[PDB]
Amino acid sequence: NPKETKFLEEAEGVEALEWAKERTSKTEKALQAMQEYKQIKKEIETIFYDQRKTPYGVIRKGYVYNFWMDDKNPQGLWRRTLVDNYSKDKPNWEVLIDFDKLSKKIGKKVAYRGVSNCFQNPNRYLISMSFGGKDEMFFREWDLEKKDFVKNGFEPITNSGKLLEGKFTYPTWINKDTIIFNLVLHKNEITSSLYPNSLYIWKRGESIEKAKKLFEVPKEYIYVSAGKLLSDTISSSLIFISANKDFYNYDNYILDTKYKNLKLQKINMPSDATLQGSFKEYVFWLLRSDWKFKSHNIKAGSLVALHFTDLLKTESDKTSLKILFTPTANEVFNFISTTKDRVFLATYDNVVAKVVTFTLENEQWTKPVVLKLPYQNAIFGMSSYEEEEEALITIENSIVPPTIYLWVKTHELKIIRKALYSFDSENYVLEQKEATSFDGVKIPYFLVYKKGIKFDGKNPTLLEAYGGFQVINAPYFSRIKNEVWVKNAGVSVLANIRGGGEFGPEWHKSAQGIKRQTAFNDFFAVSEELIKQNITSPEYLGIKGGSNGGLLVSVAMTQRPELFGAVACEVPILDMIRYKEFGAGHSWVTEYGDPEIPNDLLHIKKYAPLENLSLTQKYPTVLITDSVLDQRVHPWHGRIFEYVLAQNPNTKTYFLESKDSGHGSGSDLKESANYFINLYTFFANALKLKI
């Protein structure tokens, strides 16, 4: 019965933790006894603790800021160096905050979760932090001149000293003495998805009990957030308030903070349009749906720009709106990023990165200039601020390590850092291929292998996908997969299945809700194609997915067990009947359908893994992972799958429950390292990697 299962529903406490510890210990001892473990451990530790790891960063006021972890500092160091030093192989870094020292002090893992700098006094930062991998977080104000926390500064503590935490509580500076944030002051100030439901404004020197509530959303909404509408260099007083109603639709507002009285004014934009950035007084918005705007049908996936004042106006009064991107068939929007005098528009065309830059001249958008990316199958990233003329760009592909480039004030890329580690890209092949799905639709996939392998169906192969939430699953360079898997003659595959965002909102909507089986079919189409082409065979084929991808792979192995030889189901959502009861489950009703609506439940039960398991069926060996402090999906999902599968004597399972990773691989570097040693030992042993 579910009475037998009920103890596992409690994340912490007693019977669940003991049950989980025992299975985890059995699993770790079993992995540690496999012939492949010693070698896999060596290879992973060499990578994770490598002093030649690339120190990625962001430029502010003549310095590059970096966050660094290694075996000495697994929680990590927030640090900086002069931009002139950043080109040196081994820059002289100034350590700003040592999180390992902080953790030792408090007696708990304190994880760095980002920073926000004050425009009015740029020596002041709000440092975001969490205990381990919790979604709940807090912050502390910190001063650069002092290189220390500000005594009695902004930190969400009560008049007894009690620290208040909230899931993705992040603060925004109003002025040097005022912040706004999504504070959980009272226990009940949360939505049904358990995110903070309120925004508070808080003045320096006042108890948090004196903070003024400015905004509250209904319980049925997902979350509320505050952030800046424009660059602080244009306005520090316009705040964007975003109330996410049902994951995809929003009520958004401008909060103007500079007048005698605060002013809150509702933004008139399509409810599923999203703010993507700004430049000067203009704002960029992405469309998820077609917009009939005056004469025009502006297609779903387009980017428009408008003056911020037109956000408050009726369609009749919206004179500044311009269309900046209209995707052709294989195109999708990626991001906007801004410098002092340029806007960068990053897109994909057939899952290959493309970038242009433009500006404003005489209040008109200039003709964009192509920024040529000198990699095949390029993947693009960058950090920048409108306050800064210079920016750091990365370009990479799945088999070529990332290069970091400085964007200089004369508007060109200059190489600033190459990888210090060695990876001989010419010994590998990267192919972009397509499978044909059940309905004739072509599904992209990326295939990476070592030159010289035979296509005789005996290559150990690891196939990954995600397939949800309009997420673009781009083929980035993975040092771990390339060096631990592909260098040992394993094959790597990434499938851009529907549910994702690789071809814009329609690519997502096609496998959304009760259409989820479309995502799963896409994944089978790729799996079968790998086998047909004698890249691999079921015995050598492993599949890996996390979170939403954890549903994907548990569905795959239960519908099509005969296609696969090994599975890793990581921090999964998978109990699709009961998902609303656990963690942030209410937030995804529009993604999966509502199990309490008969028609949605009927579709969900056709695929839900716990509804489609047979005791007498051999399933592929599976590694299931979850965490006590996973507040996103809750460990129930991993625990119940293990509990039920454990009872099938035809199936071998490995289970790993982490104390404090949360929704991820580990909340410090050592724990992540151990997680990937366990995972790669599992696959190497299951699929016979020659290691």
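Counting begins at 1, following the sequence as shown.
When the C-alpha B-factors of 414-422 and 179-187 are averaged, 414-422 comes out higher.
Of the two segments, 225-233 and 518-526, the one listed with the higher mean B-factor is 518-526 (C-alpha atoms only). Highest CA B-factor among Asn66, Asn648, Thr625, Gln631, as stated in the entry: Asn648. Highest C-alpha temperature factor among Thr274, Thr394, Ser614, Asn249, as the PDB entry reports it: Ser614. When all modelled residues of the chain are sorted by CA temperature factor, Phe380 is found within the lowest third. When the modelled residues of the chain are ordered by C-alpha B-factor, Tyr540 sits in the highest third. Split the chain's modelled residues into thirds by C-alpha temperature factor. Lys606 is in the highest one. Split the chain's modelled residues into thirds by C-alpha temperature factor. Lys354 is in the lowest one.
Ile97: CA B factor lies in the middle third for its chain, per the PDB record.
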